[PDB]
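**Q** Residue numbers (the authors' numbering), protein chains in the order written: chain A, 38 to 719; chain D, 38 to 483, 485 to 715; chain C, 361 to 716. Cβ coordinates follow ideal geometry from the N, Cα and C atoms, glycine included.
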Amino acid sequence: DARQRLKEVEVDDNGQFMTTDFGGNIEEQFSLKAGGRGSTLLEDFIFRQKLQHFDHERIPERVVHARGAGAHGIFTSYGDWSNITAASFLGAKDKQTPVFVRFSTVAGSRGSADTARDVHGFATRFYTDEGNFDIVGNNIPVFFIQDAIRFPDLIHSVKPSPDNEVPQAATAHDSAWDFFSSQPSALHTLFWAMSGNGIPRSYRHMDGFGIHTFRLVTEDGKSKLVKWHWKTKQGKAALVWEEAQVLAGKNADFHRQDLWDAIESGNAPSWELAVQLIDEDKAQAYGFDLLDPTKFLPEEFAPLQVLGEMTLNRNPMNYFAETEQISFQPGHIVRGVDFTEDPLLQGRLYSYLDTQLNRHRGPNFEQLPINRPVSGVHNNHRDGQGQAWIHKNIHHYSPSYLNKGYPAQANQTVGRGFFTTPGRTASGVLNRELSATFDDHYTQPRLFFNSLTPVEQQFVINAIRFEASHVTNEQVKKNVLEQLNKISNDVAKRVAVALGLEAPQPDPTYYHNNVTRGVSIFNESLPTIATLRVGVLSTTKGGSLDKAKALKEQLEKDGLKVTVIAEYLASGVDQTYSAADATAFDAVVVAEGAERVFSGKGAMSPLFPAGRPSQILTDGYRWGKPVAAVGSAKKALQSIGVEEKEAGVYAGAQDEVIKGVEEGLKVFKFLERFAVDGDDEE
Amino acid sequence: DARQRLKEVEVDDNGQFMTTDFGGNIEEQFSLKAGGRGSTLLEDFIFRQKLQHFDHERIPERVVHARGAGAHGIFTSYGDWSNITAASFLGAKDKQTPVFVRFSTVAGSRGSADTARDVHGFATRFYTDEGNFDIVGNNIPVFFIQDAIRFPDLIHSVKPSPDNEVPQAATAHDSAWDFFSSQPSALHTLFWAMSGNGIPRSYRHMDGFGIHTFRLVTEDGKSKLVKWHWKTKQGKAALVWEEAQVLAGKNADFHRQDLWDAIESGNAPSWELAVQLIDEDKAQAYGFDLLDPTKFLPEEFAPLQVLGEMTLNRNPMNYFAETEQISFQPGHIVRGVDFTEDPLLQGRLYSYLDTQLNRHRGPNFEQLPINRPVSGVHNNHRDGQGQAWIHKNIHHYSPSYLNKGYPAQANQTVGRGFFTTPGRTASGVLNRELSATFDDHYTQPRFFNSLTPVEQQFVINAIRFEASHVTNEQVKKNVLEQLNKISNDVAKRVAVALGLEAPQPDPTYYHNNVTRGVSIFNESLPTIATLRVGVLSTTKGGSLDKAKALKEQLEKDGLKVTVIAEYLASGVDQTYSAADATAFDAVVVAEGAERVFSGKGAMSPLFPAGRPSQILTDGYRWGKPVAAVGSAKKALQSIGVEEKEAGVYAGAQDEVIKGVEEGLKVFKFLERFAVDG
Amino acid sequence: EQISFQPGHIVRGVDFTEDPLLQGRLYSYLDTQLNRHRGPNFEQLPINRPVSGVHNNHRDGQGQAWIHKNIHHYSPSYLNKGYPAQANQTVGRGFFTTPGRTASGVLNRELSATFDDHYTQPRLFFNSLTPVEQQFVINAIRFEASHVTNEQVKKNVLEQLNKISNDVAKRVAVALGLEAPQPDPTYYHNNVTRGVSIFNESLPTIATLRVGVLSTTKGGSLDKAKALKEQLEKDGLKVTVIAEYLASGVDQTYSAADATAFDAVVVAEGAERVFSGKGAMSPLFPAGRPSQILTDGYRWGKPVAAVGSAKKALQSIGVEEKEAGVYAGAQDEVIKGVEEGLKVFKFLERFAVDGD
Ligand code: HEM
Ligand code: HEM
Ligand SMILES: [O]
Ligand SMILES: [O]
């Protein structure tokens, strides 16, 4: 149990009487009043201590990544990696370290939709025996900007306009695209956010990236440059934008429920921890500066080397005390790892320490149960708001004769202390510049786009088309066009069509045809269909429900989560048509006999909105999901104009439908149903 | 200008050089580094002062009503109401007072959807010349509970489950309906939230209520029990649930953008301030206790009397500094008004003062510009976090010989001070009880009688939707037993969706009484100004030119028209990819645009498959006025809709416009929604 | 520093009264913790936690240190099975307001007329003190009011003091150079009550009381001071031997010593050398410091003593062994006297009284 250390602070209220926060049993359902219908007394200490705690429940949301969810788990190392790092948690085969991971979006506030289009956070804490080590990552390997001092500008431009606070959780407005086109470094991450990475199917279907080049350091002090990767064992998978939008309204907790259900049902998700390793003397040897956070390292140049695997198997007990209160920091570093001169990472180190003082209203936030290490804290820090400990050492200073030198200094050779990479040097003038090696803002965006499938490329273009069409200012849109044209003339011309702007002329300085692996989502089927959702649309009339039950039981044998849907909650029905939507499922199957609710009287009922079963089937097909119908229910396929032998469409008896649906869930999205530019011309 | 007093804190950065927050021109786009590719220096004071302010931007959200928006305006008194109130802002005909209003939901956090189903906040501050007076109200005249000590229990049960923080901005889960059925006083507000009041069309289409009985007190101390009412001059209007769900994802800012656009375009919304006035001897005269906030006073027993009008005509300059930071309080009371022994109002007075300490992390929040009164502050308060003034009176205590007695005491006789109603008394033992007069929780919900038949189905279908999400079978059964105490028919129709058997009739509280003013769909809209028409066109053929002429004549009646086509050609406001029917009050197909509902024109890569047909289908099924000009009838036929239907218009441009504008007064065509049976 | 006291921290079996001062305290101690502790969870601090267990539906707040198991954090509720459950007078040992307390009358912003006597009990308190104890009060008032620059405030104070006692006002008026006001006898009375005097009762024990022994590193004084100390410590006294420097057996130097630190001062024999002449002029302490300590100790009413030839030190400051609280002779004589004097603690014979 990864939460084992947290059980000492867990409070069980069952079987007990109500109390105040300072003890004493009470009743707290009536205010103390001066007379039968009199005014409430100031001396009602019970009322005041109850309402004051309610009044003070909220803490500030995170300044970025305010919307997200998390879970506990275990990380297991696959070997003794002392040959590359002194990091304790990687020092032996099958060594296990408790983790907590929080996934998130970036721009939206606390109550915004999971399926907004956005970069996604992927923050992992290792509770190692030599301190907490945090990898505060994203599901995209490059970031918008090259210097941390520009972070407020980026975030202000993509967060709501400061006059009306419109729009929520979205880059589709003037200020954001004004910034993307005025700061061309941002276009690489923008392309990633405009792809499937911006609308993933779940937290469990994302890769993770530390983005920055870090350093692994051995006991003798030798170092190597390193990139952190998390590779999902569930496979990468993404939605389509028109589906993500409906899902934002139908279930804004789609992603956090996904992770919770997967863990509750015993299908804990896993990611493998992998690294790219680079010699120090090759930091600038691959066509870009490895200090540049707007660049990723093509796997053709440095392949991923798996070090271990992380499994998230325990949900939190109290979301606020654990998920909301946890405080990640890239400054949470340990012996065996070091920073680099990445100007974006450099400022992060200051920013995450500082912002905790705003979120937690004091300096003792590492004493919170979810932030505490398991390795012990011994120093001369004292006092501060909410000090939860009572220190014994009264000589709280160093050096000291009176405390005998304890707590004692630890460094590279004594006490396994942290040490900066010994060979690191500084050379040159103090400057407020960026290295000229950071100047190329277009080559890698072109590289990313080249490496996507044709329909995947169309998704990127259609996302940009959707986003840029919200920009009111004409010049901003033309500025966007000029910047896009430096990535690819074809992308600019296809985006320009939606904008009503003239197709720009080629500017080939950065054009190229190179491609790289690992970057696509839709060119690979899932390695497993466990936890994937199947909506079975049935009816309470006739014998349809009995068949849906058998259809459900066999589908569950393969590890799928099946929801039987009908007019009302008859025996065996999991959900009503009124409460059902196609966004909640990865495949839709119409049970035999349920074709009655797709036409005629059966489709017009007071118990669900008009056309709901037809709409669920239409949404699922148009959003590329595997859809099916058993036996006579093929008439439902007919009523929305879907043909039986289309790709990802399955009609027949129960068993062939079951096999066809499960095969289609591996494909996940059938991209034959999405038009590409040039298809419609006569 | 209602924002006139805020002018002296506005800061213009145009034409200026970047500075730190302590002065000095700077550059702040490059960190100071030791060498060309070096680490950033701690001595970079520019970097840290910029990032420190960014790192500390967020303050805690409101514990409830976290999601909302507001605007400035003016209240105008219609008369000299000194015969009923000593309140100065009501003391003269045509006397104008600046106001700020915040509308909101209740349950959702700050980034939740406007069109979630919820009770809605309607908070108004009068910046009167005798102090700030706030009417912190809802768009529903009754509240869930009868004693403020139960507010954490109510809010904990409605807000997300504390284990996983699911669901956001929704009562449709186990704990809420567990609470609704375990605490039956909640059923009245529950019914209101399950009606059109839970999913309003906009803030400007809501009524508002102070809920509590207050007291108006004249200069000589005579008092009247009073109910505050805001009556919208735009008319009440609501969505349908299946449309509000889609709108929650397509535009989470639907309501705050609507308010912003109405004001910016010069269509300032208005509400009339009206009161119900009854003597003290009527507190228990109408079959319920007026100190009970779960009951409202039927207008048949005390009609509305209008006192003035408020109009919101100026948007904020900085959302955070004005809308986010404003701190409403029911304790914000002035001379001429007093509280009552309402046990729910009683505890609010403590809570709103106390909670400001959490949201603003200091005692000086009334010094913030949007919280400041216009009438002057003179007392012996000193210091505190962020003290923004410098006090001259060094003898900051009373009584005192040294300050000559200033600042001096004010009361009923001298200085127009506040005074509690002189006639109020206390009698009885100290008790942690409620009056037995609070016992009836079912008569007034049996509100349901006063809705139109389809309006009633909406309530049933909302309860059917929400209760179906409840996983515990016994909670569902407990819910049905409580609904059966209000109406056996309601229990039976809800039990159907739950696959349960409704209990046998429990006629204790049954009755067939009705009351006016609580329905929404029984009344056409008085104005269609600011209402929005989506015109579906296509870049091919001569459709665009006709859609522009159609737009031109529709704007002449004050409507907001959006022309939709495959891309942003000349005259196109929005692409099909970016468009959705939730954004419009009416959908009209321009002549020629039938080409994008079938054939090749419907399969362009520029928008998702079937998007034009989806838009017209959405608008019809959600009850909107829908229409098509000339050859565009084909689009109506392609989705099975016919000319002879209510709220569907076909023919020439002149005929379509006349029909659409009249259907927009109807607003929702309820013949398209099936009723049980 | 962190502990947070509240009069509202009340338990079953105790209840409040309608004291208008107490009533407002209950509000202000809860509220002020939000300022001092910047959050609502200050009762979770180790020094503030009860030992009896906390079970309620409070959640979240800054610095929330626990992880609650009950996901149904509300009442009433079927899903939590009614737990945590309500407790009242008859079930659960719950708190309950006194059943018989009643409210009656108009809501008012007033005080009861029964509160209107501000002078009788101040008079009663002053009556029940010893004569020199009364003089300490008068000399405190004379010191305090002489700092008031405003003439009218000084007369306002006298006008109010004259309501308590005309003699008190007269004696204070002297120090202020103001006229003796004429009697205002409305609240004058001669009643006394027990238990309010400090100086009318000797101390029940002298354990922990402090004795400073003034000695010198020259001669054999330190040897005798060590013997004097060992016997005084037998009675539970804390003894500090003082000399020019920290020789063996010295607890404190004259430079660091002051009479304020001790309850009795006794000069060890031979130490009279540091009270006049060369022994009083040394770079190791401020000039006259041993004589200042003895002078201070005497003038502040302490038991002071000298052993043997050290009585010259008492003569050097004009103090004679005849006096109460002054002891001389050999060691055992001085020990028994000083220990007797410590029970009296302060010798009020050394403080002049108005017209004595
Ligand atoms: C490669 C670049 C970056 C990555 C991968 C990244 C990732 C993340 C993630 C995952 C979180 C959420 C942690 C959680 O779930 O609690 C977060 C929060 C945050 N980030 Fe970043 N971020 C990056 C850039 C930056 C920069 C450049 C700054 C400032 C200079 C910054 C400042 C912050 C702050 C202040 C928070 C809030 C932390 C808290 O309130 O506890 N980030 N970031
Ligand atoms: C008839 C009953 C009630 C009405 C009409 C009402 C209305 C409102 C409204 C409109 C707001 C939003 C103010 C804004 O826009 O900033 C609000 C917030 C709030 N309410 Fe209520 N509410 C009621 C019941 C209660 C009760 C019983 C309590 C506690 C005992 C309570 C505590 C609060 C708090 C703490 C806030 C946050 C205020 C702030 O952070 O500035 N409410 N309420
Ligand atoms: O971030
Ligand atoms: O509220």
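1) Any heavy atom of ligand 1 inside 8 Å of the beta-carbon of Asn175 of chain A?
2) Would you kindly check if the distance between the Cβ of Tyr479 of chain A and the Cβ of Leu224 of chain A is under 9 Å?
3) May I ask whether a heavy atom of ligand 1 can be found less than 8 Å away from the beta carbon of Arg40 of chain D?
4) Who are the near neighbours of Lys270 of chain A in its chain, counting only those whose CB is closer than 6 Å to its CB and skipping five residues on each side?
5) Residues of the region 413 to 430 of chain C in Cβ contact with chain A at a cutoff of 9 Å, in chain order, please.
6) Could you say if the region 133 to 143 of chain D and the region 98 to 108 of chain D meet the contact criterion of at least three C-beta pairs nearer than 8 Å?
7) Here's a check: name, in chain order, each residue in its chain whose Cβ is nearer than 6 Å to the Cβ of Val552 of chain A, leaving out the five neighbours to either side.
8) Compute the distance between the beta-carbons of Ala631 of chain C and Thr565 of chain C, then report whether it is under 9 Å.
9) Quick one: is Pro406 of chain C buried, meaning 16 or more other Cβ sit within 10 Å of its Cβ, or exposed?
10) Could you tell me the distance, in whole angstroms, from the CA atom of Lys586 of chain D to the CA atom of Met243 of chain D?
11) What in chain C is Cβ-close to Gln512 of chain D, meaning under 8 Å?
12) Pick helix, strand or coil for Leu405 of chain C, following the three-state DSSP scheme.
13) Quick one: Cα of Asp544 of chain D to Cα of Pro330 of chain D, how far?
14) Cβ of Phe711 of chain A within 9 Å of Cβ of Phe496 of chain A?
15) Ligand 4 and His102 of chain D: does the residue's C-beta get closer than 8 Å to at least one heavy atom of that ligand?
16) Between the beta-carbon of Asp420 of chain C and the beta-carbon of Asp391 of chain D, is there less than 9 Å?
17) For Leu606 of chain C, is the classification buried or exposed, using 16 other Cβ atoms within 10 angstroms of its Cβ as the cut-off for buried?
18) How many Å lie between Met55 of chain A and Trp426 of chain A at the Cα?
19) Mind pulling the alpha helix (DSSP H) runs of 4 or more residues that sit fully within the region 523 to 609 of chain A?
20) In chain order, which continuous runs of the beta strand (DSSP E) of length 3 or greater are located wholly inside the region 444 to 511 of chain C?
21) Is the shortest distance between the beta-carbon of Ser472 of chain C and the beta-carbons of chain A less than 9 Å?
22) Mark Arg396 of chain C as exposed unless 16 or more other C-beta atoms lie within 10 angstroms of its C-beta, in which case mark it buried.
23) Any beta-carbon of chain D closer than 9 Å to the one on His433 of chain C?
24) Do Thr113 of chain A and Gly345 of chain A come within 9 Å of each other at the CB atom, strictly closer than that value?
25) Give, in chain order, every residue of the region 504 to 537 of chain D whose Cβ lies closer than 9 Å to some Cβ of chain C.
26) So is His93 of chain D in contact with chain C if we call contact Cβ pairs under 9 Å?
27) My guess is that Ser506 of chain D and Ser615 of chain A are in contact by the Cβ rule of under 8 Å, so how many angstroms apart are they, rounded?
28) Within 8 Å, do at least three Cβ pairs link the region 616 to 625 of chain C to the region 644 to 655 of chain C?
29) Is the separation between the beta-carbon of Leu386 of chain D and that of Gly373 of chain D shorter than 9 Å?
30) With distances taken between CB atoms, is the gap from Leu381 of chain A to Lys70 of chain D smaller than 9 Å?
31) Considering only DSSP beta bridges, list what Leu518 of chain A is partnered with.
32) Taking the C-alpha atoms as reference points, what is the distance between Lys594 of chain A and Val203 of chain D?
33) Can you name the residues of chain A whose CB is closer than 9 Å to the CB of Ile363 of chain C?
34) Note down, in chain order, every chain A residue with its Cβ under 7 Å from the Cβ of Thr457 of chain C.
35) Where does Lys270 of chain D fall in DSSP's three states?
**A** Per the coordinate set shown:
1) Checking the Cβ of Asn175 of chain A against ligand 1 gives yes.
2) Yes, the pair counts as a contact, with Cβ atoms nearer than the cut-off.
3) No - ligand 1 has no heavy atom lying nearer than 8 Å to the Cβ of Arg40 of chain D.
4) Cβ neighbours of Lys270 of chain A within its own chain (closer than 6 Å, five residues either side excluded): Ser307.
5) Those residues of the region 413 to 430 of chain C that come within reach of chain A (Cβ to Cβ, closer than 9 Å) are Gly413, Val414, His415, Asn416, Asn417, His418, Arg419, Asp420, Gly421, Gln422, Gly423, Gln424, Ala425, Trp426, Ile427, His428, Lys429 and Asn430.
6) Verdict: yes, contact present.
7) The residues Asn487 and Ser488, in chain order, have a CB closer than 6 Å to that of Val552 of chain A in the same chain once the five nearest residues on each side in sequence are set aside.
8) Remark: C-beta atoms of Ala631 of chain C and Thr565 of chain C do not approach each other more closely than 9 Å.
9) Classification of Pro406 of chain C: exposed, given that the 10 Å Cβ count is below 16.
10) Looking at the two C-alpha atoms, the distance is approximately 33 Å.
11) Those within 8 Å of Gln512 of chain D in chain C are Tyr438.
12) Coil, per DSSP.
13) Between the alpha carbons of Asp544 of chain D and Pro330 of chain D lies a gap of roughly 25 Å.
14) For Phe711 of chain A and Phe496 of chain A, yes; Cβs fall inside 9 Å.
15) Under cutoff, so the answer is yes.
16) Their beta carbons are not under 9 Å apart, which means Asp420 of chain C does not touch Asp391 of chain D by this criterion.
17) Label assigned to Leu606 of chain C: exposed.
18) Taking the straight line joining both Cα atoms gives about 28 Å.
19) Listed in chain order, the complete alpha helix (DSSP H) runs (minimum 4 residues) inside the region 523 to 609 of chain A are 526 to 536 and 581 to 594.
20) Segments of the beta strand (DSSP E) lying fully in the region 444 to 511 of chain C: 462 to 466.
21) Cβ-Cβ to chain A under 9 Å: no for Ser472 of chain C.
22) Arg396 of chain C is exposed by the Cβ-count criterion.
23) Judged by the 9 Å Cβ criterion, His433 of chain C is in contact with chain D.
24) The Cβ atoms of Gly345 of chain A and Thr113 of chain A sit closer than 9 Å to each other.
25) Those residues of the region 504 to 537 of chain D that come within reach of chain C (Cβ to Cβ, closer than 9 Å) are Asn510, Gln512, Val513 and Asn516.
26) Interface flag for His93 of chain D against chain C is unset, since no Cβ pair is found closer than 9 Å.
27) About 7 Å separates the beta carbon of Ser506 of chain D from that of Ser615 of chain A, a gap short enough to meet the 8 Å contact definition.
28) With a cut-off of 8 Å, the region 616 to 625 of chain C and the region 644 to 655 of chain C count as touching, because enough Cβ pairs lie within range.
29) Contact flag unset, no.
30) At the C-beta level, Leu381 of chain A and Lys70 of chain D stay beyond 9 Å of one another.
31) DSSP lists no bridge partner for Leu518 of chain A.
32) Cα-Cα distance, rounded: 28 Å.
33) Counting only Cβ-Cβ distances below 9 Å, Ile363 of chain C has no contacts in chain A at all, with the closest Cβ about 12 Å away.
34) By Cβ distance, chain A contributes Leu69.
35) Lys270 of chain D: coil per DSSP, three-state reduction.
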